[PDB]
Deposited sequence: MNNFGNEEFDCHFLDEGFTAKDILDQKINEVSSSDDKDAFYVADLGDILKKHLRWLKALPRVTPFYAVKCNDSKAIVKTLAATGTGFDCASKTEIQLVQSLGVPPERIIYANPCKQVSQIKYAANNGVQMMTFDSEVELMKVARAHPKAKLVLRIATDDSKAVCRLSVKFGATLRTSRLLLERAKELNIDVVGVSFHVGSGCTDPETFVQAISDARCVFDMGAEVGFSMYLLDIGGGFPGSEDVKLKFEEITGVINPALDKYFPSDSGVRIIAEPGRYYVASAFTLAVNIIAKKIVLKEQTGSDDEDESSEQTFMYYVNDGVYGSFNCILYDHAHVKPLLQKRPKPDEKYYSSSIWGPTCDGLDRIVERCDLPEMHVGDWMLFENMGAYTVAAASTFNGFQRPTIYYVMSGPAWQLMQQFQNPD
């Protein structure tokens, strides 16, 4: 089974070269299903980079971003924590041998039976942001260590009047007092700035707000020690606001509001940072139409779409950039083109308009940075199966993973 099958990446070869090779091998096979190449070594590189940029912050990987068992196994060997949102994710993490103290149940609104599942399996730390959640915890997991999730302002959000998660400071005070009444232990504070962060100062504000709630806890008699700064960090360099800019703004704020001598323990919940760039998707052009506007335009149909990997266009506000597998000659002509998914849906369209050389059925298109919120949310609408994932890892990357295990 390919789930736990990993291939060697030879010296001097990158995931890109492996992609080229696999494509050339099937040139006349006629079996040209879409497929992923996933470089686990890129995940190890991301971990080293995190250790360098955020030395005070323990990463808890957000399983929901991509729950591939190979990914979770690699990260567990690396020694990260895991942020789990449901019973199934907890089951996945524990099946790989991760002890419960490396799991945070960071879902603020949890079904009671799933809270009980967490309690049965020793997962003690959970987040919350409402009084009803406190009632549920008191009845189903009374010895849990609760982390109060506070609200953060996203000025760019589509729905700004109705925020799904996060308590205001005013509500946070009442929640701390209520938890004290119910004899429930609150041990920290969490927040989530969001993937669509444009200004790193948002983090500063969140950290400042977190400190405020910490002070409230001290007033009510809690011994607060856990600060969870959430996720939202970029997973590729193809972004305006790069990881290191964010961390360069975060670390002084952490030192100012949560100095190390205070005894605070700082964690994060990065999802896309670890996995986005590790996965590259190859889709095959399965159909083609030429529309005359005599300026020629083209419609290409590929065998992955908005019901599959490209659901990220709708759910994750993703902007995907098609890349050519075979290097184009410098002089060849480009045409206005659209790219469509395989399903019956007229809205199953990947790219409305782009410039491409004339391509043919059987040619491949590549999409980089497809690791995050792509396969995790794919469906089998129309009966189309999920692309196979080929995991690769070089020898030196495996050695680095061994060093992390030691």
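Stretches of the deposited sequence absent from the structure, as judged by C-alpha coordinates, are 1 to 5, 299 to 309, 423 to 424.
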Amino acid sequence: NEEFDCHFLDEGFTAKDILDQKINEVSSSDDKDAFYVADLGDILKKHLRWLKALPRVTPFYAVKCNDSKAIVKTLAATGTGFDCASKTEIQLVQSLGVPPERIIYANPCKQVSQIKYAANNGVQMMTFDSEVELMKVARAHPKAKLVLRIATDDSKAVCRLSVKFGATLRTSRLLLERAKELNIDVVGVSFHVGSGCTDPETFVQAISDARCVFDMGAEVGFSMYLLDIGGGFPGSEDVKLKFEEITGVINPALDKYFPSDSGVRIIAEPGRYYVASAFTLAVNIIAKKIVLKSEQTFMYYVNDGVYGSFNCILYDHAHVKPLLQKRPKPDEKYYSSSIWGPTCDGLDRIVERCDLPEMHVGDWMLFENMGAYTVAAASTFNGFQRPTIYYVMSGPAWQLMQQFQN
From here on, numbers count along this sequence of modelled residues.
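The term rigid core refers to the maximal set of C-alpha atoms that superpose within 1.5 Å between the two forms.
Taking 89 to 97 and 310 to 318 in turn, the stretch whose Cα atoms are more displaced from the shown form in 5 other deposited structures of this protein following rigid core superposition is 310 to 318.
When the other structures are laid on the shown form by the rigid core, the stretch among 388 to 396 and 16 to 24 with the greater C-alpha deviation in 5 other deposited structures of this protein turns out to be 16 to 24.
Compared against other deposited entries of this protein, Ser294 counts as often unmodelled, lacking coordinates in at least a third of those that resolve the residues around it. At least a third of the other compared entries skip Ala157 while keeping the residues on either side.
Higher mean CA temperature factor between 320 to 328 and 168 to 176: 320 to 328, per the PDB entry. Look at the mean CA B-factor for 281 to 289 and for 236 to 244 in the entry; the higher one is 236 to 244. The PDB entry gives the largest Cα B-factor of the residues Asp363, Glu368, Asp67, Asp355 to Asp355. Of the residues listed, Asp209, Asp83, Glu133, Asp199, the entry assigns the biggest Cα temperature factor to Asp199. Per-chain ranking of the deposited C-alpha B factor places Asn382 in the lowest third. Remark: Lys52 belongs to the highest third of its chain, ranked by C-alpha B-factor as recorded.
In this PDB entry, the Cα temperature factor of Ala157 sits in the top third of its chain's modelled residues, the highest group.
Residue-level temperature factors show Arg272 in the lowest third of its chain, judged at the C-alpha atom.
In the PDB entry, a CA B factor belonging to the middle third of its chain's modelled residues is recorded for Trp398.
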